[PDB]
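Peer 1: First the structure, which I've put down as structure tokens, then a few questions once you've had a look.
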Amino acid sequence: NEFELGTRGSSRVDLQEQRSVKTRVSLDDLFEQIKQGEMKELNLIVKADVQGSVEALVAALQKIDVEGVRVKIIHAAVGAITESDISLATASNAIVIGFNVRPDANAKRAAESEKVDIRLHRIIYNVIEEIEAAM
């Protein structure tokens, strides 16, 4: 509706700040501040049956200082996935990437009961179609 449409005598004066007036404000938006948790920081443990396979990977992993996605190693060892090492996995959130090494039957259990699944022997796990009883 609006009662009395007339002249807005606001631009008849000098134009400075507090132009809105009453509902005026300089800085009202408080800062949340930035926080790099986007890409996350990826931690892992390297294990292989060849010691210098671990070291070679670690040497590439420790030099990861690239801005954005940080990936770093927490532990390296020449061995397969052992129960004791899994406890590091859930500790530093570093998962164990084993190169065809594989775990103990209890470690494989421990891993999962420790919130950390281990990945190894990733030649091919044929999850694509069970070709039998299939048509």
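The opening position of the sequence shown corresponds to residue 1 in PDB author numbering, with each subsequent residue numbered one higher. Positions of the beta carbon are idealized from the N, C-alpha and C atoms, including for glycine.
1. Out of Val66, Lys22, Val21, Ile95, which one is the CA nearest neighbour of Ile74?
2. Quick one: residues in its chain with C-beta nearer than 6 Å to the C-beta of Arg70, no 5 flanking neighbours on either side, listed in chain order?
3. Identify which residue in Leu44, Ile81, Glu67, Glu55 has its Cα closest to the Cα of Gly37.
4. Would you report the Cα separation of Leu27 and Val58, rounded to the nearest angstrom?
5. List, from N- to C-terminal side, the beta strand (DSSP E) runs of 3 residues or more that fit wholly inside the segment 35 to 93.
6. Tell me which residue opens and which closes the alpha helix (DSSP H) that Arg109 is part of.
7. Taking a contact to mean a Cβ-Cβ separation below 8 Å, would you say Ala89 touches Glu130 in this structure?
8. With 16 other CB atoms within 10 Å as the buried threshold, where does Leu44 fall?
9. In the DSSP assignment, find the beta strand (DSSP E) that holds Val96 and state where it starts and stops.
10. Helix, strand or coil for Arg102, going by three-state DSSP, please let me know.
11. Classify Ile86 as buried or exposed, calling it buried when 16 or more other Cβ atoms lie within 10 Å of its own Cβ.
Peer 2: Considering the structure as presented:
1. Position 74 of the sequence shown holds residue 74. Measuring from the Cα of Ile74, the nearest candidate turns out to be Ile95.
2. Locating residue 70 in the sequence shown gives position 70, where the first residue counts as 1. These residues qualify, in order along the chain: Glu41.
3. Taking the first residue of the sequence shown as 1, we reach residue 37 at position 37. Checked all of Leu44, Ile81, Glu67, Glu55; the closest Cα to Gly37 is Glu67.
4. Here residue 27 corresponds to residue number 27 of the sequence shown, with the count starting at 1. Here residue 58 corresponds to residue number 58 of the sequence shown, with the count starting at 1. Distance between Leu27 and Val58, taken at the CA atoms: about 48 Å.
5. DSSP runs (the beta strand (DSSP E)) wholly in the segment 35 to 93: 41 to 48, 70 to 78.
6. Within the sequence shown, numbered from 1, the residue matching residue 109 stands at position 109. Note, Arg109: alpha helix (DSSP H), 107 to 112.
7. Looking up residue 89 in the sequence shown gives position 89. Looking up residue 130 in the sequence shown gives position 130. No. Outside cutoff.
8. Counting from one through the sequence shown, the residue named residue 44 turns up at place 44. By the neighbour-count rule (16 or more Cβ atoms within 10 Å), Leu44 is buried.
9. Indexing the sequence shown from 1 puts residue 96 at position 96. Segment 95 to 98, the beta strand (DSSP E) holding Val96.
10. The residue labelled residue 102 in the question sits at position 102 within the sequence shown. DSSP places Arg102 in coil when its eight states are reduced to three.
11. For this step, residue 86 is matched to residue 86 along the sequence shown. Under this definition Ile86 is a buried residue.
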